[PDB]
Every structure is written in structure tokens, then in C-alpha cells.
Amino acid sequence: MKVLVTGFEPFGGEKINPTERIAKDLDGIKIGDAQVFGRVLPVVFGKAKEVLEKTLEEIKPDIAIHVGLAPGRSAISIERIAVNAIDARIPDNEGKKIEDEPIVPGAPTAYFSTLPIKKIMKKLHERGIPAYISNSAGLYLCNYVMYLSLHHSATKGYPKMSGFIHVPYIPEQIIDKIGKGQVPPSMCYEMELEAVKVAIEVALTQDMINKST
């Protein structure tokens, strides 16, 4: 069993992106006999596609968990749906602001995550980690990668499990926001890394249950 976890580089003027640290901390670890691979994706349309595709082909994971930063979000949120569209509110790190354009022409308008979102949310709660199910991952790069991942699964038969997880700003990222108006929510990095690691565990456990029953 191989698990692929991805995070993103900094964007929107942000100095850092917590998901990038998460990808690095989990890269190369092992949960039982399962090997986890952590890779960081660029916040650039097209380029991120090429990288995601190349990484998936390379590793051929059984489970793919894509993590992204959700500014303003107060808790961990597991994405339920991926949409076949791009309507970036802001441009990507290359200055590309794509509006009302499909991700994969002719492909399904949307894909449901294949991760045990309910079970993942349940395990997080037992761990005292606030978490809820989100019904929209936006239409920027996070939804982009989540849709592509799920499309790959439906077209290539792998990864069997794929989904997306959004994490709040981490505390240190709010320091600057303070001297600029209001103050958005945050969650300590340690809790965010544990949440993602817990999603991996629940997925792996659910897989063993499927390949047996």
C-alpha cells in the first residue's frame, strides 16, 4: 500500500503555506507496512496538473490525500465534491486568472470524494480535533487538483481512494493580519499535521475492510 499526500507552495502574498510543511513531515513515513509519499505542488494552473499527473503515474498510489490552505476556515474540513470548473477569484503564482472554464472538457460535471469522509471526521472528533464536511473546495487550485485526482481514479483505476482536506491558517500566519484589521481563525500546526495523518490511518483501515469484507 502506498499513500500519496500533497500540499501547496505559498500563494496570495502569504509567506508560508502550512500544507507544504505537512507534505514534508509526512513524506517518507510509514504507517504499518504502508509507505507514505509527500509531495509539494505549485499553485499554478497547468503546471500543477502536469506535476500531479506525473507524480500519480510515478507512484501509482492506492490512496491520495490532497491538502490545501483554506484562509478563514476555523476547523479541519474534508471535501465532499470536486467540480469540473475553474473560476479563480485571484490569479495563480504565474498571474493566470482563468474564469468560467472547464478543467476536463466532456468529463463529468463533478466527482464525489472516495475517501471515508464520515469515518475520517469521526476519528478526528474522537481525537478532539474539530472537523466538518465541506461541500465546495472552491474553484481555484485546490478544487483543480482534487478534481484531476478523482478524474485519474475514474479513468485509470487508481488511486482507488482520493479526496481533499483543507486546513486553517496556523497561528503564526495571523500575526500580520492583526495590524491590518480583523483577525481570522487558526489552528496550531501540530493539530493540522495530526489531522492529516489521522485521515491517512482511517483511509488505510477502511481499505483493509474493503479488500476483505
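Numbers for residues come from their place in the sequence shown, where the first is 1.
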| Should the higher mean CA B-factor in the entry be assigned to 129-137 or to 97-105? | 97-105
| request: State which stretch shows the higher mean Cα B factor in the entry: 10-18 or 193-201. | output: 10-18
| request: Go through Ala110, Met121, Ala75, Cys142 one by one and give the residue whose Cα B-factor in the PDB entry is largest. | output: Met121
| Which is it among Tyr158, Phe37, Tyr147, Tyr169: the one with the largest CA B-factor in the entry? | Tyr158
| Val3 - which third its CA temperature factor falls in, relative to the rest of the chain | middle
| field | Modelled-residue ranking by C-alpha temperature factor, third containing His152 | value | lowest
| message | Please say which third, lowest, middle or highest, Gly68 falls into when its CA temperature factor is compared across its chain. | response | lowest
| Lowest, middle or highest third: where is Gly163 by Cα B-factor in its chain? | lowest
| said: When the deposited Cα B-factors of this chain's modelled residues are ordered and cut into thirds, is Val83 in the lowest, the middle or the highest one? | reply: lowest
